[PDB]
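Enquirer: The structure follows.
Here, each number is a calculation from the coordinates, and none is a lab measurement. We place every Cβ from the backbone using ideal geometry, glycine too, and count neighbours over all the protein chains shown.
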Amino acid sequence: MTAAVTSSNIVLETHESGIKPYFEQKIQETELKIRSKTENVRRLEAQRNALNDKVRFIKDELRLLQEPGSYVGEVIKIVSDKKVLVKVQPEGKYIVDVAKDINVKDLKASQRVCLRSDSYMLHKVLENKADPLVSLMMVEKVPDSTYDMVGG
Amino acid sequence: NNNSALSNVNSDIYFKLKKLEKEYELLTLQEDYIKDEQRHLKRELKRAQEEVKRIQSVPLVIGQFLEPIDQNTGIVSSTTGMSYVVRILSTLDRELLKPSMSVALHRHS
């Protein structure tokens with residue numbers, strides 16, 4: 001009916017625009033003010049979250065550092081009694097129970113494993129092996145050739 | 001409309017915001033407090049490291065680094081001729097460590 005370009009029908013709805021600035025300064029003032037405090041409280045949270053990450057990695061890492069022993073082994077053979085025959089390499093042989101990550105059908109002979117010595121508790125496979133055929137070839141030491149090393 | 005009942009729109013905005021800014025006065029309470037937390041966390045770091053430095057200093061035993069297995073776990077052969085998979089401590093070398101080089105290990109840990 002009445003305009004939003006100005007008002008139509010003077011001092012009744014131009015009266016309502018007349019009384020707007022008293023209600024309007026309060027809510028516009030609080031709007032920019034209290035939103036910038038939302039951003040600020042979040043800014044100073046973010047700062048200490050960053051510090052938290054660094055300080056707290058140290059304390060849990062203590063557990064890892066204060067571990068009793070590790071001991072790399074190798075599977076001679078499994079047994080279907082749900083134990084494995086493992087030759088620890090500096091020491092001797094122990095038949096010992098496995099963890100949940102691996103089982104007797106993920107284990108085969110001549111595979112290197114990692115141990116967490118909770119009583120020689122098999123943990124993971126090791127990501128390294130040195131082949132016994134590669135021993136001979138290493139100590140010989142040969143690189144690859146092609147037919148430009150023979151050609152002519 | 002827009003300009004018909006303009007003071008009925010005003011009053012509702014005003015009542016809402018009076019209440020919500022009391023709930024945001026608890027967030028300005030938070031803003032003054034987290035300034036205090038950041039200094040606390042820095043003092044606990046200096047202490048966190050102090051802990052581990054006790055472990056760093058002697059008694060020690062001397063090993064030899066063979067090869068990494070991740071970058072947070074490595075392999076060493078100790079000079080008792082025994083192999084251990086060990087934690088790689090942070091804030092150390094990782095570029096002369098990964099090639100074969102002497103390295104210090106703790107004796108009780």
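Enquirer: At B:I13 and A:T6, where each label point lies 7 Å from the Cα along Cα→Cβ, what is the point-to-point distance in nanometres?
Expert: About 2.2 nm, to one decimal.
Enquirer: For the stretch A:33-152, what class follows from the C-alpha gyration tensor (a ≥ b ≥ c being the square roots of its eigenvalues): rounded when a/c is under 1.5, otherwise prolate if a/b is larger than b/c, else oblate?
Expert: Oblate, because a/c is 1.5 or more while a/b does not exceed b/c.
Enquirer: Where a ≥ b ≥ c are the square roots of the eigenvalues of the C-alpha gyration tensor, would you call chain B rounded, which needs a/c under 1.5, or, failing that, prolate if a/b is larger than b/c, or oblate? Don't skip to the answer; put the middle values down first.
Expert: On the way: a/c = 6.64, a/b = 3.38, b/c = 1.97.
Prolate, since a/c reaches 1.5 and a/b exceeds b/c.
Enquirer: In nm, give the distance between the simple-model label positions of A:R42 and A:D131, each being 7 Å from the Cα along the Cα-to-Cβ direction.
Expert: A separation of 5.7 nm, rounded to one decimal place.
Enquirer: Something else about it: Going 7 Å from the Cα of B:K42 in the Cα-to-Cβ direction, what parts of the stretch A:45-70 have a backbone nitrogen less than 18 Å from that spot?
Expert: Output list for this probe position: A:45-56.
Enquirer: Which value, to two decimals, describes the C-alpha radius of gyration of the protein assembly as shown once divided by 2.2 N^0.38 Å?
Expert: In units of the globular-protein estimate, the protein assembly as shown measures up at 1.91.
Enquirer: Moving on. Can you tell me the 0 to 90 degree angle between the C-alpha axis of helix B:6-23 and the longest principal axis of chain B, rounded to 10?
Expert: For B:6-23 against chain B, the angle is about 30 degrees.
Enquirer: Under the definition of partner shielding as Cβ atoms of other protein chains within 10 Å of a residue Cβ, what is the mean value for peptide A:123-133? Walk me through the numbers before you get to the answer.
Expert: Details: counts 1, 2, 0, 3, 4, 5, 0, 0, 0, 0, 0.
Rounded to a whole number, the mean comes out at 1.
Enquirer: What angle do you read, to the nearest 10 degrees and between 0 and 90, between the alpha-carbon axis of helix A:20-65 and the longest principal axis of chain A?
Expert: Long axis of A:20-65 versus the principal axis of chain A: about 10 degrees.
Enquirer: Using a Förster distance of 30 angstrom, determine the FRET efficiency expected from the C-beta separation of B:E95 and A:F57, and round it to 0.05.
Expert: For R0 = 30 Å, the calculated efficiency reads 0.90.
Enquirer: Inside 10 Å of the C-beta atoms of B:5-14, what's the mean count of C-beta atoms belonging to other chains?
Expert: 4
Enquirer: Go through the stretch B:84-97 residue by residue and turn each phi into a ³J(HN,Hα) via Karplus (6.51, -1.76, 1.60, θ = phi - 60°); whole Hz please, and just put x for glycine and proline.
Expert: 10, 9, 9, 5, 8, 6, 7, 6, 9, 6, 9, 10, 9, 7
Enquirer: Between beta-carbons, use under 12 Å as the cut-off and find the net charge around A:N52, counting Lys and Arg +1, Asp and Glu -1.
Expert: Values: positive: A:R48, A:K54, A:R56, A:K59, B:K42; negative: A:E45, A:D53, B:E37, B:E44.
With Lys, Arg at +1 and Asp, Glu at -1, the neighbours total +1.
Enquirer: A further question on this structure: With just the Cα atoms defining each centre, how far is the stretch B:45-76 from the stretch A:1-40? Give it in Å.
Expert: Measuring centre to centre over Cα atoms gives 65 Å.
Enquirer: Given a Förster distance of 30 Å, report the FRET efficiency between A:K108 and A:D148 from their Cβ-Cβ distance, rounded to the nearest 0.05.
Expert: 0.15
Enquirer: With labels modelled as points extended 7 Å from the Cα through the Cβ direction, what inter-label distance (nm, one decimal) is found for A:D101 paired with B:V52?
Expert: 2.2
Enquirer: A further question follows. Taking the Cβ of each residue in A:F23, B:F65 as the centre, tally the other Cβ atoms inside 10 Å and list the residues starting with the fewest.
Expert: Fewest to most other Cβ atoms nearby, the residues stand as A:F23, B:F65.
Enquirer: For the stretch B:32-87, what does the alpha-carbon gyration tensor say about shape, rounded, prolate or oblate, given a ≥ b ≥ c as the root eigenvalues, a/c under 1.5 as rounded, and a/b over b/c as prolate?
Expert: On the way: a/c = 6.50, a/b = 2.42, b/c = 2.69.
It comes out oblate by the Cα gyration axes.
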